[PDB]
Visitor: 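Once you've had a glance at the structure underneath, I'll fire off some questions.
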Amino acid sequence: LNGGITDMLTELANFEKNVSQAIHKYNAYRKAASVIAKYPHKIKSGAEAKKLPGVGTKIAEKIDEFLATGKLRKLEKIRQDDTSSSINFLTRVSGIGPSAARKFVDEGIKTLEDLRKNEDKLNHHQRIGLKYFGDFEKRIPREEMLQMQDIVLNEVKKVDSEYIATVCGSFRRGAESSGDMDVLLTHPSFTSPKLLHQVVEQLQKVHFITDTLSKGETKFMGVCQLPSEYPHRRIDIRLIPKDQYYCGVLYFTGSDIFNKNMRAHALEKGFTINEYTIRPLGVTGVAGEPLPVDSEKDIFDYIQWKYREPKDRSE
DNA sequence: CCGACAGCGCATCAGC
DNA sequence: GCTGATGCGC
DNA sequence: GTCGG
Ligand SMILES: [Cl-]
Ligand code: NA
Ligand code: NA
């Protein structure tokens, strides 16, 4: 319907983030791309799209040019620009953001081949991102996510049977494919020691986790792989306090639109919900002490809301 | 006219 | 060495 | 870039 428009907006978003380093213009184009993607009609004019929330004057003007010419003069020029397209491309490497990409291009490093010739100028993360460049851009079929889940849950239980692990993200919402695996971890002995390390070690022991990007006491980011050769996959593991676990599960399950709506409804009932806690609000608007949470449904019960299955949390 | 737009965990950089 | 800023991913 | 105080 409007693929030509949403592609254009997506491309504009990328160049704003990676070349212009204007993160809010990036999110503005993405927000516009998303709302247009769910618009059940073929857009005939910028004025029509202007009615949608997130689409303003400038984008409406760009849609008019696109619908009349089939292209964008601004986009065409940016594409033909060697510097801008090189900067934009290098950010596809995990660990290379707008700043690093600009740094590399400024000194003649513009291609993936150039990066491989200059390993001494890359940090650990960037080297790993370079090593699995192709694999990291591949989607993860749900069936593979299921196998990965079985391994995570099994090994976690072997370290300590009192651990609780939950694979969130779009996967928990029942998506047919995922971009990565986000695991939320907790334990009754950890509330608001060295628990994350023991779990990472075990997954390394059975050779599920193959590489480490970042690792601390509460968050692990690394690379994993199913036993055969399957592509290497990005995996994150977060260690969350027990009294904050299910608020975390709710938060990282999403979606973003769903969370925004649930937070809105919560406020109308006299509660405030963030990533960590759900708090009651006083008459003056003062937030009280964290309320006890033992399940996802408890959060729904506090705000007098019908429990939404993760499969129906797209909005 | 003009500020909000999410912000935390970790690695790395800038400066003392 | 330290503390705080910046970069990055999600 | 868009929205809203
Ligand atoms: Cl911006
Ligand atoms: Na609009
Ligand atoms: Na990147």
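Proteins come first, then strands; the chains are lettered A, B, ... in the order of their sequence lines, and each starts at number 1. Reckoned from all heavy atoms, side chains included, excluding hydrogens, waters and symmetry mates.
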Visitor: If you check the A/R234 side chain, which of C/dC8, B/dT12, C/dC10 turns out closest?
Guide: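 Per side-chain heavy atoms of A/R234, the pick is C/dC10.
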Visitor: List for me each residue that meets side-chain contact (heavy atoms from CB on, under 4.5 Å) alongside A/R102, sequence neighbours excluded, and say none if there are none.
Guide: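 Residues passing side-chain contact (heavy atoms from CB on, under 4.5 Å) with A/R102: A/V19, A/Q21, A/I87, A/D106.
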Visitor: Please compare A/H24 and A/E275 by the position of their nearest nucleotide in DNA chain B and report the one closer to 5'.
Guide: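 First, find each residue's nearest nucleotide; the 5'-ward one identifies A/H24.
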Visitor: Take the protein atom CG of A/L213 and the nucleotide atom P of B/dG9, then report the distance between them rounded to whole Å.
Guide: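 To the nearest whole Å, that distance equals 18 Å.
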Visitor: How many Å lie between CZ on A/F252 and P on B/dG7, as a whole number?
Guide: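 So the two atoms are 14 Å apart, to the nearest Å.
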Visitor: Using a 4.0 Å heavy-atom cut-off, does A/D236 contact any base of the nucleic acid, only the sugar-phosphate backbone, or nothing at all?
Guide: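 Touches sugar-phosphate only.
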Visitor: Would you say the side chain of A/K219 is close to the major or to the minor groove, with close meaning under 5.0 Å?
Guide: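 Minor groove (side-chain heavy atom under 5.0 Å from purine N3, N2 or pyrimidine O2).
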Visitor: Output the single nucleotide from B/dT12, C/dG9, C/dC10 whose closest atom is nearest the side chain of A/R238.
Guide: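 That would be C/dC10.
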Visitor: Rounded off to whole Å, could you give me the OH-to-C1' distance for the A/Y26 and D/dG1 pair?
Guide: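 Result: 14 Å.
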Visitor: Nearest of C/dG9, B/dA6, B/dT12 to any side-chain atom of A/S94?
Guide: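 The answer is C/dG9.
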Visitor: Output the distance between atom CD1 (A/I43) and atom CG (A/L52), rounded to the nearest 0.5 Å.
Guide: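 With rounding to 0.5 Å, CD1 (A/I43) is 6.0 Å from CG (A/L52).
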Visitor: Just how far, in rounded Å, is P of C/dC8 from CZ of A/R92?
Guide: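 Going from CZ in A/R92 over to P in C/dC8 covers 17 Å.
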Visitor: With respect to the side chain of A/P98, which nucleotide from C/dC8, D/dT2, B/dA11 is positioned closest?
Guide: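 Of the candidates, C/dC8 comes closest.
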Visitor: Run the ring-ring contact (aromatic ring centres under 6.0 Å, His included) test against A/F66 and tell me which residues pass, sequence neighbours left out.
Guide: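 So A/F66 forms no ring-ring contact (aromatic ring centres under 6.0 Å, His included) with any residue.
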Visitor: With nearest nucleotides of DNA chain B determined for A/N27 and A/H124 from heavy-atom distances, which residue corresponds to the more 5′ nucleotide?
Guide: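 The residue whose closest nucleotide sits nearer the 5' end is A/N27.
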Visitor: Heavy atoms only, 4.0 Å cut-off, all strands: where does A/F136 land among base, sugar-phosphate and nothing?
Guide: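 No contact.
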Visitor: Once you round it to whole Å, what is the distance between P of D/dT2 and CD of A/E16?
Guide: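 Atom CD in A/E16 sits about 11 Å away from atom P in D/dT2.
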Visitor: Given B/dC10, is OP1 or OP2 found less than 4.0 Å from the side-chain N or O atoms of A/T218?
Guide: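 For B/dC10, OP1 or OP2 has a side-chain N or O of A/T218 closer than 4.0 Å.
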Visitor: Between C/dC10, B/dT12, D/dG1, which nucleotide has the shortest distance from any of its atoms to the side chain of A/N123?
Guide: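 The listed nucleotide nearest to A/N123's side chain is B/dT12.
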Visitor: So, for A/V156 and A/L185, which heavy atoms are closest and what is the spacing to 0.1 Å?
Guide: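 Heavy-atom minimum between the residues: CG1-CD1, 4.0 Å.
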Visitor: Counting side-chain heavy atoms from CB outward, which of C/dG9, D/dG1, C/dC8 is closest to A/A100?
Guide: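 Output: C/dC8.
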Visitor: Take the protein atom CZ of A/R30 and the nucleotide atom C1' of D/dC3, then report the distance between them rounded to whole Å.
Guide: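 Taking atom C1' of D/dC3 as the reference, CZ of A/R30 is at 18 Å.
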Visitor: Do A/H125 and A/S214 have side-chain N/O donor and acceptor atoms under 3.5 Å apart?
Guide: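 No, no side-chain donor-acceptor pair sits under 3.5 Å.
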Visitor: What is the nucleic acid contact for A/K215, judged by heavy atoms within less than 4.0 Å: base, sugar-phosphate only, or nothing?
Guide: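 Sugar-phosphate contact only - A/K215 comes under 4.0 Å of backbone atoms but never of a base.
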Visitor: Under 4.0 Å, heavy atoms only, any strand: does A/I96 hit a base, just the sugar-phosphate, or nothing?
Guide: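 A/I96: backbone/sugar contact only, no base atoms under 4.0 Å.
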Visitor: Please state how far atom CD1 in A/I237 lies from atom P in B/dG9, giving the value in whole angstrom units.
Guide: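 Result: 17 Å.
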Visitor: A/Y276 side chain: which of D/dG1, B/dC8, C/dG9 is closest?
Guide: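 Within the option list, the nearest is B/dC8.
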Visitor: Hey, what's the ring geometry for A/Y163 with A/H187, parallel, tilted or perpendicular (30° and 60° as the breaks)?
Guide: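 Perpendicular, since the angle between the ring planes exceeds 60°.
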Visitor: Give a yes or no on this: more than 12 heavy atoms of other residues, nucleotides or ligands lie within 6.0 Å of atom NZ of A/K205.
Guide: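 Atom NZ in A/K205 is not packed in, count stays at 12 or less.
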Visitor: Roughly, in whole Å, what's the span from CG in A/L185 to P in B/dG9?
Guide: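 Result: 16 Å.
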Visitor: For the residue pair A/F208 and A/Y230, is the inter-centroid distance of their aromatic rings smaller than 6.0 Å?
Guide: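 No: the rings miss the under 6.0 Å criterion.
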Visitor: Dot-bracket notation for DNA chain B is requested: 5' to 3', Watson-Crick or G-U wobble pairs only, both distances under 3.5 Å, with ( ), [ ], | and . as defined.
Guide: |||||.||||||||||
Visitor: Under 5.5 Å between six-membered ring centres and under 30° between their planes: does that hold for the bases of B/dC5 and B/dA6?
Guide: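 Stacking test on this dinucleotide step: no.
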Visitor: Can you give me the closest heavy-atom contact between A/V293 and A/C247, atom names plus distance?
Guide: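 Taking A/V293 first and A/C247 second, the nearest heavy atoms are CG2-SG, 4.1 Å.
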Visitor: B/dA6 and C/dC8: how far apart are their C1' atoms, nearest whole angstrom?
Guide: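 Taking atom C1' in both B/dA6 and C/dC8, they lie 15 Å apart.
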Visitor: Would you indicate, from the sign of the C1'-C2'-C3'-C4' dihedral, whether D/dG1 has a north or a south sugar?
Guide: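 Taking the sign of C1'-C2'-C3'-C4' as the criterion, D/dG1 has a south sugar, on the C2'-endo side.
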